[PDB]
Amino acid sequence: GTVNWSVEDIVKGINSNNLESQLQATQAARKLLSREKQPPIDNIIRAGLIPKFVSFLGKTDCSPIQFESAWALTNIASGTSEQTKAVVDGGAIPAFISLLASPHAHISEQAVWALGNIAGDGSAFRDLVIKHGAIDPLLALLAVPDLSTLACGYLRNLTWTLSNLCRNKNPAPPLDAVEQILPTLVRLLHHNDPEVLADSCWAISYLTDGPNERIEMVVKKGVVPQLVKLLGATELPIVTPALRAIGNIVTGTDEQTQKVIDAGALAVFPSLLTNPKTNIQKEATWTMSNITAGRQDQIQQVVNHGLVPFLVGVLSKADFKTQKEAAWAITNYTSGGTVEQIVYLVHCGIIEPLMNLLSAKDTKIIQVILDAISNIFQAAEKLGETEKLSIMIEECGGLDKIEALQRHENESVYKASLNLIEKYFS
């Protein structure tokens, strides 16, 4: 009936002065815009059908044409930025916000879906959706005693749309919009559905990626223990944003970083640092590097949890990106560590894997490793054990690598390598 219609037939049906003919043509447009292979989105836009679909959103007297036009517009809004702009330019934002209060849950869900796609385009459309007042009617749809009474797909769509309102930077979402959404977000973080948990974690990861004031807003809500619990989940779609959120929080103050340690996050790192997914290993090592950039008592907790052999591990064998992050963790550790903590790092066998990475064709990693060498030598200077460390670097072929770096293209590498040879190897 409404299967494989031409754009011309859809236009002829929608332009008729018959609500039923318009409904059949709108359903046909929705089915066309729903096909897997190349939906004719640009053809539907060029035919001028977006203003017709937006006007059909207001037809309270005909709920099926509201549903079909909402679905057709959602398919267009899910496309490119230009295709989302076309939906917005047609005045769809206030029309979709009015449908959030619809007594038909399938129409209300379609409006949630459409607003998520519009907000998801970027900062300007996100903030425009907020200015048209979408947050209050969206939050009211979740104002129930128990989230488990809501339809699974409906809750998943609401969570996803809320995460897009938390998403993007330059600028970050308005502070008052973040404050309004956060209590509902804390609630969705304690829900049992894995998809709701994944998208709630992604929302929290977006809110914790920025200045320490943004991290504080989130950390103040007491979500850190729940994020650590989700960090230990079996589902990779939950662990990925949960680790991203924990990683973002430890970029903050020593006090914010401490909340992560107090919640027992370090006990999950033996498995995260050996995770078969390289991106988990990479982001877990990035997280470790920011914790080793903390207080000496925070470095001590890394030591106590037996995580230094795990850092020797990732430095010895991992994808290059994870090895570069391990280098950072070592340099941060040697920068803020006590002599005893730096001595411990050497006893765990950090020197040989640290030297082997001086062969990398990466200027930044080489500078990072050279700074760590200097730091370790400074600790050996305080104990008169510089000779023991010099022999250690000589034996694993580290001296050959530093001597060769005395002819490196980069100025900082050239100077740092010449300094070490002259101070401890001459």
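Don't overthink the numbering: it's just position in the shown sequence, from 1.
Participant: So 92-100 or 341-349, which one's hotter by mean CA B-factor in the entry?
Facilitator: The entry gives the higher C-alpha B-factor average to 341-349.
Participant: 110-118 versus 328-336: which one carries the higher mean Cα B factor per the record?
Facilitator: In the deposited entry, the stretch with the higher C-alpha B-factor mean is 328-336.
Participant: Which is it among 396, 29, 50, 70: the one with the largest CA B-factor in the entry?
Facilitator: When the deposited C-alpha B-factors of 396, 29, 50, 70 are compared, 396 is largest.
Participant: Determine, from the deposited record, the chain-internal third of the Cα B-factor for residue 18: lowest, middle or highest.
Facilitator: Ranked within chain, residue 18 CA B lands in the middle tercile.
Participant: Of the three thirds of its chain by CA temperature factor, lowest, middle or highest, which one includes residue 45?
Facilitator: Middle third, going by the recorded CA B-factors of the chain.
Participant: When the modelled residues of the chain are sorted by Cα temperature factor, does residue 310 land in the lowest, middle or highest third?
Facilitator: For residue 310, whose C-alpha B-factor we compare with every modelled residue in the chain, the answer is the lowest third.
Participant: Going by the recorded CA B-factors, say which third of the chain residue 54 sits in, lowest, middle or highest.
Facilitator: Bottom third by C-alpha B-factor.
Participant: Residue 174: which third of its chain by C-alpha temperature factor?
Facilitator: For residue 174, the deposited C-alpha B-factor lands in the lowest third.
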